[PDB]
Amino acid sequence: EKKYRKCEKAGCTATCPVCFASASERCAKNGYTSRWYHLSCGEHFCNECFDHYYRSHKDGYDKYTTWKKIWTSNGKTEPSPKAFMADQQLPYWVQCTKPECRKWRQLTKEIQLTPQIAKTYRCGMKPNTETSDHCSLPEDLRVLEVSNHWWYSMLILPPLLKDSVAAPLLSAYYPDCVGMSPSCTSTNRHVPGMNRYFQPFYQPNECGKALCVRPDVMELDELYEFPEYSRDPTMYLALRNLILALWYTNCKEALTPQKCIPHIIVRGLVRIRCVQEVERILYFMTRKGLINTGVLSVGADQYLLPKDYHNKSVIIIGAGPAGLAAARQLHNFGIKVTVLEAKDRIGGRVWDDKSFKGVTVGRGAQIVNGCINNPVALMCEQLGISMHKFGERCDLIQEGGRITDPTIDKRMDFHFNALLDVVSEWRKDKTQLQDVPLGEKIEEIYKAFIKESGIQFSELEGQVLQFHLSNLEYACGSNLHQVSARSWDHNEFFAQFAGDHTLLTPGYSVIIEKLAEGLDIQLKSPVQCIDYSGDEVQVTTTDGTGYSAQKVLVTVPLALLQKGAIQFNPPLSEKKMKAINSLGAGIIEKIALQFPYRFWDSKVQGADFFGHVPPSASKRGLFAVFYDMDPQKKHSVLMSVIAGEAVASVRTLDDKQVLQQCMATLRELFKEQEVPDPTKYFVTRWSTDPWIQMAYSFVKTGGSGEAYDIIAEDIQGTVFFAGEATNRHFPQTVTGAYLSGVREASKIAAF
């Protein structure tokens, strides 16, 4: 039998392979063997130790055969002596936890690495236990080899993590397909204590859930950033999944490399590569706003990105959700940020009234549509505040006081949705130039349906159909004759936020105020001119005050871009202006009313809301739904909404006149009983608020959902745009505005 002292692998860098296993009595140690089996450039085992586990007549056979059965029934990865060695016998490596040392040390071969050892190890210490003489000793020369790409090229098998925090969430997958060891009994065993709104991973073959990630497939931007994992994403996926599991396990503190490291358990020098890589992936995911986000705050010298990203300055225009999200992100990253806000307050279309006894009443936004993976739900968790999931019951009460039978409600809802299905079919073969107003198409289809079918609706059924029409006008922010039939629901092409629809009972202002805390925000500083013709951006407010920065982020409402209230030099492009003008500045208003007692309790019986059947088409959208603003049923505040054509009818009414129409409406809805006078109220005027002039965007006839992407496109890597009218997947909402700010901070930090 011929024996060799060199590695089996052509080009291996080990000039003298030594056996890490020493499992056989005849282990070749550092000498000659019939084959030196290669795991990495630094790790080899001799043929005697190979046979020790592999051959049926040898001592190690039962342990290998036992491992092999577990491996093949739990994973898709082939068993082999090399796979066994890497999973069960290869020694562990650990970093000294002395902060000024951090050197990599090999543990003796019977020590099994735990998070506790990784948190407490110091050079030369017996694991699980004075002078720093041992720290000065050089690292094993194989340690430095690991930081080269060629070392990864020469590693024969991907690493497989043990006891990953992500494993309880991934039991539907083969563990090795997500970078976890099939032999782990804890991996192969609702995550207790994890917020039920945090569902970061798609289940197999699952789609259609906003902000979920496939645990078994890399996304294109991950591959662009880490092309070394394109052939085999195993090792990247385990680290990214681990990072996400750790972040959602404790979203109230910054997830750092040092916090991840004890949770990376895997044998061999590859652990060094895993620890180096998890730090790079963490910064990539931090920049993108996937972790270390929300209302997390850092102190100075505790910034979330390394000093490389810090050498920038930004001016942010507008302190609503999008602007404050960008400002918080960039500030946390370590980038200089100044926020210029036109009004005397922050929040934009978030504006909460705190003067009603016992409740908080939003003048603007207050609902969260779809809490699962929603950053608003994350921020509620971070702040320790609760949302109220809406109940389904909403009786449609008529003027005169009768309650509409629920089968009428459902039947006319059925007919209305069927009208929308015909629009959905009609538009399939239509170009933008062939677009038609949604409301016009609905009316045409309805009239054809009546003529064709001969059906005769009662007056009440027709009024209930008007109710459902007004709900769609509310959702679009407009009468439907301005809304695109092709594009009105364009964003539903994309995965939407699943789960509960809630009332944010403490109000979005709590989140707004925490985002803004400690930031440099200039109030009463409306921007008039943005000049990016020079080496730095020059921003001038209406009183002549100048600000400068390398980059500028514009988050003003769609209506203010349409009016051109800010002059741009050089001007916005024709293509950008066409997109801006293709979207509609939708609008609703709100009224809130406080009463001496809950006069509606006997009739409404604890429902979250009740509907108002419009008595005529001229009154469609006028107080269509009344919201009980105390889910705990103690205080007496109702809120109602003005939508569609009704917005134009209240434009020329003062607040007292609107209040009078609302009280006359309520006394009709509760005709059979007494209704007390309200003791406090507000009527919103968003449509004439000079720096807002809207509630939320929609696509106008002839427009495309692509307009949202076009408005979001940066100019020259210098002028950036965020805001609800820049979020194609998630238009209109505080959530989409927030995410658009996170998106732009990511773009800005990448330079």
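A residue's number is simply how far along the shown sequence it sits, counting from 1. Between two forms, the rigid core is defined as the largest C-alpha subset superposing within 1.5 Å.
Undergrad: With everything overlaid on the rigid core, name the stretch, 76-84 or 534-542, whose CA atoms wander farther on average in 8 other deposited structures of this protein.
TA: Once the core is superposed, the stretch further away in 8 other deposited structures of this protein is 76-84.
Undergrad: Return whichever of 309-317 or 518-526 has the larger RMS Cα deviation from the displayed form in 8 other deposited structures of this protein, where every structure is aligned on the rigid core.
TA: Of the two stretches, the larger average C-alpha offset in 8 other deposited structures of this protein falls on 309-317.
Undergrad: How about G124: is it missing from at least a third of the other entries compared?
TA: Across the other compared entries, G124 is absent from none.
Undergrad: At least a third of the other compared entries: do they leave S181 without coordinates?
TA: Counting only entries that model residues on both sides, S181 is resolved in every one of them.
Undergrad: Between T129 and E130, determine how many residues of the deposited chain lack coordinates; answer none if the chain runs continuously, otherwise 1 to 3, 4 to 9, or 10 or more.
TA: The entry has 4 to 9 unmodelled residues between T129 and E130.
Undergrad: What size is the break between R231 and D232 in terms of deposited sequence residues left without coordinates: none, 1 to 3, 4 to 9, or 10 or more?
TA: Unresolved stretch here: none.
Undergrad: What stretch has the higher average Cα B-factor here, 41-49 or 719-727?
TA: Mean CA B-factor is higher for 41-49.
Undergrad: Give the stretch, out of 54-62 and 695-703, with the larger mean C-alpha temperature factor in the deposited entry.
TA: According to the entry, 54-62 carries the higher average C-alpha B-factor.
Undergrad: Checking the entry, which one of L560, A245, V337, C184 has the top C-alpha B factor?
TA: Highest C-alpha B-factor among the listed residues goes to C184.
Undergrad: Hey, out of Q594, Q398, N471, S297, whose CA B-factor is highest in the deposited coordinates?
TA: Across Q594, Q398, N471, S297, the entry lists the biggest C-alpha B-factor for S297.
Undergrad: Report the third (lowest, middle or highest) to which the CA temperature factor of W151 belongs, ranking only the modelled residues of the same chain.
TA: It belongs to the middle third of the chain when residues are ordered by C-alpha B-factor.
Undergrad: Check where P168 lands among this chain's C-alpha B-factors and tell me if it's the lowest, middle or highest third.
TA: It belongs to the highest third of the chain when residues are ordered by C-alpha B-factor.
Undergrad: Consider only the C-alpha atoms of the modelled residues in this chain, order them by B-factor as the entry records it, and name the third containing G289: lowest, middle or highest.
TA: Ranked within chain, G289 CA B lands in the lowest tercile.
Undergrad: Sorting by Cα B-factor within the chain, modelled residues only, which third would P506 end up in: lowest, middle or highest?
TA: CA B-factor rank for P506: lowest third.
Undergrad: Classify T431 as lowest, middle or highest third according to the C-alpha B-factor given in the PDB entry, relative to its own chain.
TA: Top third by C-alpha B-factor.
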